[PDB]
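Colleague: Note that UniProt numbering has the first sequence beginning at 2, numbered continuously upward. One structure follows; several queries about it will come next.
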Amino acid sequence: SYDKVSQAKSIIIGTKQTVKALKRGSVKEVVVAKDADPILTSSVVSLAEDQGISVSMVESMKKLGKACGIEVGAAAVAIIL
RNA sequence: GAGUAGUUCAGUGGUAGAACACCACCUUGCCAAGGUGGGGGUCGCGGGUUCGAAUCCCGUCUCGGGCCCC
RNA sequence: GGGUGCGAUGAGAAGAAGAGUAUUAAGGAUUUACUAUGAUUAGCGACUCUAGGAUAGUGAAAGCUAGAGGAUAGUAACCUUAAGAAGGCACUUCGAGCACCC
């Protein structure tokens, strides 16, 4: 849901920072794009499902970053609430 | 008068010269700066004089100006 | 206050790379390349010898293409200690402002 990501309060952008955010479990929601490389996505969804946190899948990574405030797209972005 | 290396400029009969640009190495993440060298040119064109012509001379092309010249 | 670039495809900042590296200053060894230079006298013009290539004058020996081989001085590449940098991206952290103009 791009709406949940364009909204909320505390958010973190980029795969590396989201898995690093998963290493402290201070994250409420995880949002991952489908069109992104699975080599980068599986690595985060594995830990995300392992932790017991909800995992979402969205179509484009570009509109994701656009929803995050980015001028890009992000392969994966976590709302840490 | 003005024409010359890709570009901008020197060179008053004697090696075709600079500075940018270009390429290569110094540079095993990639660029930039720097250093080191490498090369490239119908000297507008064709003659003549000459040992030797970018230079002098003859013709001629392009171009700016002037009243053949510059 | 006010014209013009862009910015979570990461502005900006710190840290870590870069690294005792480029470099500067003294140094051993004599190491090959590299640039520069070749008494006097004729001459515009000469490091030396070749294979020719070209020659009018000058000259003991000329400009040209391929090579070889020299003295000398430098700058480099091999090492020895003494000093010690830098922009962008990627990495890590922090996160929306930064830079051109009057």
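Backbone N, C-alpha and C fix where the C-beta goes; we use that ideal spot for every residue, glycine too.
Roughly how many angstroms lie between the CA atoms of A79 and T19, to the nearest whole one?
Modeller: Near 6 Å, if we compare the C-alpha coordinates of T19 and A79.
Colleague: Runs of 3 residues minimum, wholly inside the segment 37–75: which ones carry the beta strand (DSSP E) assignment?
Modeller: With a minimum length of 3 residues, the continuous beta strand (DSSP E) runs that stay inside the segment 37–75 are 56–59.
Colleague: Nearest to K17 by alpha carbon, out of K63, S44, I54 and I71?
Modeller: If we check each option's Cα against that of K17, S44 comes out closest.
Colleague: So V20 is in the alpha helix (DSSP H); what residue range does that whole segment cover?
Modeller: Segment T16 to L23, the alpha helix (DSSP H) holding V20.
Colleague: Can you tell me which residues form a DSSP beta bridge with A77?
Modeller: According to DSSP, which records beta bridges pairwise, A77 is partnered with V33.
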